[PDB]
Structure formats: structure tokens, C-alpha cells
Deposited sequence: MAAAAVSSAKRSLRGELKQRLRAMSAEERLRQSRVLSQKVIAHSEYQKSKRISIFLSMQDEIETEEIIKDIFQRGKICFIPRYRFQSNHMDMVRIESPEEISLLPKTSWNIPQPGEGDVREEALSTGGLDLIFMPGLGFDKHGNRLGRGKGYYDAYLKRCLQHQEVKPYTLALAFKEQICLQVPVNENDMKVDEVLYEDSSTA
């Protein structure tokens, strides 16, 4: 019953956040994304990190396009999500240029990812990750995160520990509209939430 009340609070907050995210203009989402891109590019954990996981942005997320271009300009090794919907499991798989992204097939969320038989280097098979850009629907200032529901990033963070001594730094990228007083939890916290 306590579990269910937690789920109910998460669901209600998701509906609130989604409505705000729906209510934002394309131009404005683009403005806050530009502000975050400059913040990330100046960020010391980003500047020092060699192996990075970043997401490919949905319409309700901070746009990561400029960060990706910077990643490859700085010769960082870049991994993106590859989600297997049948088992609710995600890996982070290597891409070798920003331009490759444009040729990939897309999922039912209209996001690019390498297809089923494209054999890819996985981040945990070749060293793990220094830094993971964390998407999500909401975050509070304690670093709690409200994801879309099925906990694929929480599960992936747990998995990272099985390959690395040092846990990846987790940096969320949020609209100011996505910052909440308290995210209902219980769930993995992020190290830092960036917003305007």
C-alpha cells in the first residue's frame, strides 16, 4: 500500500511535468538548451571525462545536439542508449561521429539507435563510463530524479558498478520547468542537476 502511494505520487507529478513540457515553445526549449550546452562545455567533470554516455533528445528534453558535436571535437569516446523494449533493458553503444546519428534507424519514440543486428561496442565491455548525461521528466535539488516509469536508467547505473572501481559521474540536464520541490522516490540519485 505504501509502495502504491509512492507510485501514485510519481504518476501525478509526471502528469504535471508533462503538461508544462507540452506548454513550452520550440524556440524556448531551444534557448534553455543553448544555455545548458554552454554550461556543460564549461563544466570541469565534462572537460576531464574521456568516455561519455549522452542521450539523443526527445521533444520534451533538453536538446543535446551541440554537446554531441563538442564531444567529438574533444576526441571523447561517445556512447548512446540502445534500448531493448522486449526486456526493458538498455546498453550504451558507441557511435563514431555526429553525422552517423542521421543514418540510424529510429524507435517508436522517433529516437535514433543502432538496429537489432548492428554489432556495437558497448561501454561496459570496453572500460565503463566517466560521465553519464541523465535525462528524466523531473528532478529536485537533492538530485532525486523522476524518470518515465520503467527504471531503465536506474537499472543501468546499478550495472555500472560491476565494471568500474569508480562510479560514473551523473549529470542531469533539465529545463527550469522540470525542477520540483520534492520528487517522490523509492531509486538512484544523480550527482548534479544543471538548469538555467
Can you list the gaps, in order, where the deposited sequence has no modelled residues?
187-188, 199-203
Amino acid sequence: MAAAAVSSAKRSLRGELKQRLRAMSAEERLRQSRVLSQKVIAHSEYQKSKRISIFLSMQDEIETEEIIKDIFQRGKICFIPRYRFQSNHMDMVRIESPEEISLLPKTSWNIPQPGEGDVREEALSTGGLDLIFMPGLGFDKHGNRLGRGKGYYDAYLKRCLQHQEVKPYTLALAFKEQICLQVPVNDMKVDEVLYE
From here on, numbers count along this sequence of modelled residues.
Checking the other PDB entries with both flanking residues built, is residue 22 absent in a third or more?
yes
For 18-26 versus 172-180, entry-based mean Cα B-factors point to 18-26
Residue range whose averaged C-alpha B-factor is higher in the record, 157-165 or 58-66
157-165
Which third, lowest, middle or highest, does the C-alpha temperature factor of residue 112 belong to within its own chain?
lowest
Position of residue 190 among the chain's modelled residues by C-alpha B-factor, lowest, middle or highest third
lowest
Ranking every modelled residue in this chain by its Cα temperature factor as given in the entry, which third contains residue 119?
highest
Quick tally, chain-level thirds of C-alpha B-factors: residue 141 sits in the highest
Of the three thirds of Cα B-factor ranks in this chain, residue 44 occupies the middle
